[PDB]
Structure formats: C-alpha cells, structure tokens
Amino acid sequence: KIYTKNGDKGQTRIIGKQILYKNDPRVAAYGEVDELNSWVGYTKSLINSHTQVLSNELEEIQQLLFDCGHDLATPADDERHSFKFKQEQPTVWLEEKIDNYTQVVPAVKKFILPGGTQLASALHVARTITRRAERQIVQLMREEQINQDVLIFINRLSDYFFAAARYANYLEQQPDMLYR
C-alpha cells in the first residue's frame, strides 16, 4: 500500500532519519519542486505536431527536477546521504537553449504579456511556478545549509521557460502581445 498513514498527524520523513512537520520550509521547498515537475508533465501533454521539437527537453527537465528535489530533501550534515546535483552541465544546457530561442524569435524591448498558444501559455505558467519554487528554496536557504547548485539551476530554469514560451509561440506563428 502506498498509504502508510504515518503522515496522518502532520509529520513526515525527509532523506535520512529526520522527521519534520509538513509545513517545514524544507518540505515546502521540495514540495514546490514536485508541483513544478507535475506542471511540466502537464505542459508536455500539450505538445502537438508544430511543437514536437520541445518534447524531449521537457522530459529531461523532469529528470533534473527529481535530482533537485532529492538534494533539497537532504540535510547538509547527513552522513549517509550526499548531494548529487551539480549545476554546471544542466545550467549550460539551459543557457544554450535560452540563447538559441532568444535569437530565433522576433526581438522585443517591451514586456510581453504571458500567453498565446496553449503550449506557450503553459510554459509561462511553468515559468511562474518555477519562480514560486525558487522563493521557497530561498526561504529554506535562509534557515539551513542547502546545495546552492539547485538554486542556480532553478533561477536559470525560469529564464528557460520564458524563452521556450516565446519559442512555442514562434513555432505556431502566434504573435506575442506586448504590455501597452
């Protein structure tokens, strides 16, 4: 049974031996990353023939978000479990995509209102849920030692979702609307 009932009184296990209240900032941080991961799954389910080129990288992001969650669930002083997430390669990978998608779409200097195609709009939702998760991670960092590589990656990831959302509109030739 996936239901153990052990969480019925409001406490839960993290990685290692510690238990925490479910509203503890650590649990909120990796919980928000799980919410983001689920939204990325939902976004991927909206891919169509015009936007197939985005499918594989969204799946890759889901794998990465699991790695980020793992590290957020791991206390820095846990002897039996180490941080596994290293920002450099995944973050450079995001930056290459951001560069490519920024270059290819029509240039703007004005704010774009988030929207357009259903997929582009979902990528803007991903952008903002990523940023909400990021706020939670910073709340955790102010109380506990974290793997700061996760913060670097999560920061860059919301720029990826912005750039990808504009690219998704481009792929269907849907214009972005500007803030008046």
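Residue positions are given as counts along the sequence shown, with the first one as 1.
Tell me which stretch, 49 to 57 or 118 to 126, has the higher mean Cα B-factor listed in the entry. Per the PDB entry, the higher value belongs to 49 to 57.
Taking the mean of the C-alpha B-factors per stretch from the entry, tell me the winner out of 7 to 15 and 154 to 162. 7 to 15 has the higher mean C-alpha B-factor.
Based on the PDB record, which member of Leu140, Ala133, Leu113, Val27 exhibits the highest Cα temperature factor? Comparing C-alpha B-factors across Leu140, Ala133, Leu113, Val27, the top value belongs to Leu113.
Would you check the entry's CA temperature factor for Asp149 and let me know if it's in the chain's lowest, middle or highest third? Tercile = middle for this residue's CA B-factor.
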